[PDB]
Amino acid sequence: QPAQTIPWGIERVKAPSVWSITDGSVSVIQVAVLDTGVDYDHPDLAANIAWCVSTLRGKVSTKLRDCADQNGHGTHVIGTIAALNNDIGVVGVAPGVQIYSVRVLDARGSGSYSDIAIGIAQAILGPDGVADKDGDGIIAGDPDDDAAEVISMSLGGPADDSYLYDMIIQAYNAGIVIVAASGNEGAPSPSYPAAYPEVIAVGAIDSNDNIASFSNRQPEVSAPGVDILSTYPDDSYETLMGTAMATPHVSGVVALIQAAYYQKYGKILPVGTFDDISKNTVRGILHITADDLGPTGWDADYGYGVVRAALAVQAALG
């Protein structure tokens, strides 16, 4: 194993200064990563993998054989969120956060919408199979339940399907922050599910703070998505680009917000909406503390700007 570095993207989103407050290791907090699966024994990941599930071909399997990453993409996205802060490899935005790895994409990185919807439900239901076990209407943030508080989707399709959207709406109403890649086609607006109002669409910047040419436009926020070193199978590291690499940076920032807020208050913040510019909502916080690049204000390239964890957490706690 190589000695640990902090990838430039982690530095850019101002994560390291948060860690003295929280690394995301607050027990009620989990991030569900819906992707190609995970190298679950990776030395720089293993300790943070709380649950491994697969929804491929419409069957739910919790077997390691079925949940393991056959592509590399899931492992890479998961390390940007949650690679451990230790002496090896890399470090994630929220290096202590628990991960639920939900495999919705196959070996070739392709997925059916049906499997994705079922993946989203797994993040609501959690290992115990029940959304709201004590029936109080609190799901995300309820220490009695085991729902994820973030769903991270580094994937996208061109179709807007009624039933997938119904599932997104269920997660949103469960109090879950949903974050998805804007897409890599240089298109004028985001792919689905990023394009839904309930979901944070994420664009990609490069190390010069330029928007990547492939980044789908009109995102909500943007993050490091070019030359991103992270974990990769088997027990190794790789550098990749795309909106899929930007997404986990934002998911890690939300994890830090909700961890810090629960640590201080014993509750989590509401998800909020695209227009929110208050401090009273996860999305409002993201929007107002984002580094406003390009023309003043929200713009079609960067969205509100590059997320910044340090400032977001301070806005949450103050």
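Numbers follow the displayed sequence, beginning with 1.
Here the stretch with the larger average CA B-factor, out of 88 to 96 and 102 to 110, is 102 to 110. Between 5 to 13 and 292 to 300, the higher mean Cα B-factor belongs to 292 to 300. Per the deposited record, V60 carries the highest C-alpha B-factor of all listed residues (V60, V33, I29, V253). Based on the entry's C-alpha B-factors, the most elevated value among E220, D142, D234, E149 belongs to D234.
Compared with the other modelled residues of the chain, the Cα B-factor recorded for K279 ranks in the highest third.
Ranked by C-alpha B-factor against the other modelled residues of its chain, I200 falls in the lowest third. Ranked against the other modelled residues of its chain, the C-alpha B-factor of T75 as given in the entry falls in the lowest third. Looking at the C-alpha B-factors along this chain, the one for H249 belongs to the lowest third. In the PDB entry, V130 places in the highest third of its chain by CA B-factor.
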